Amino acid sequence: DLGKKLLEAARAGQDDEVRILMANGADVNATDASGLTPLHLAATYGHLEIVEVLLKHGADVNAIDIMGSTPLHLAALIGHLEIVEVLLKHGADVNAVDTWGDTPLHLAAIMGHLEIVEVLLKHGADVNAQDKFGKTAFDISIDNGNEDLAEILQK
């Protein structure tokens, strides 16, 4: 079972191991206990090379774990702009909602990733998307007094 070894390789960023494991039939869409796939882990820890390799060999760009998190969710949370670019280029759901009602725009704005906020917006990010508490990305900026973010959300 190269599944758990591919998940561990994508997390660590060992590109060579990812190439060999995939060459021995490793399930590119393998999942751990919580439902995370190799693409989730590669995007969470900023392994752009591993993200593309996975997306070039049949990785589900909109896969969700038990909590409803998509690869774009985690990339927009950690602040990996380049990975956000690639994910969106391969059909990532820009308005995917997780178990907490959060969209990628919610997480990027909460973590102050202004540039990623712009990219998500230019790709059709829903500014009226509410979370479990009814807060949109703009509500968060107004509640935390982030003028820079507030100006961006008013394109």
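When you see a residue number, it is the position in the sequence shown, counting from 1.
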(message) Regarding 9-17 and 140-148, which shows the higher C-alpha temperature factor on average in the entry?
(response) 9-17
(message) Comparing average C-alpha B factors as deposited, tell me which of 30-38 and 104-112 sits higher.
(response) 30-38
(request) Just say lowest, middle or highest third for the CA B-factor of residue 47 relative to the other modelled residues in its chain. (result) lowest
(request) Divide the modelled residues of the chain into thirds by Cα B-factor and specify which third, lowest, middle or highest, holds residue 66. (result) highest
(request) Determine, from the deposited record, the chain-internal third of the Cα B-factor for residue 78: lowest, middle or highest. (result) lowest
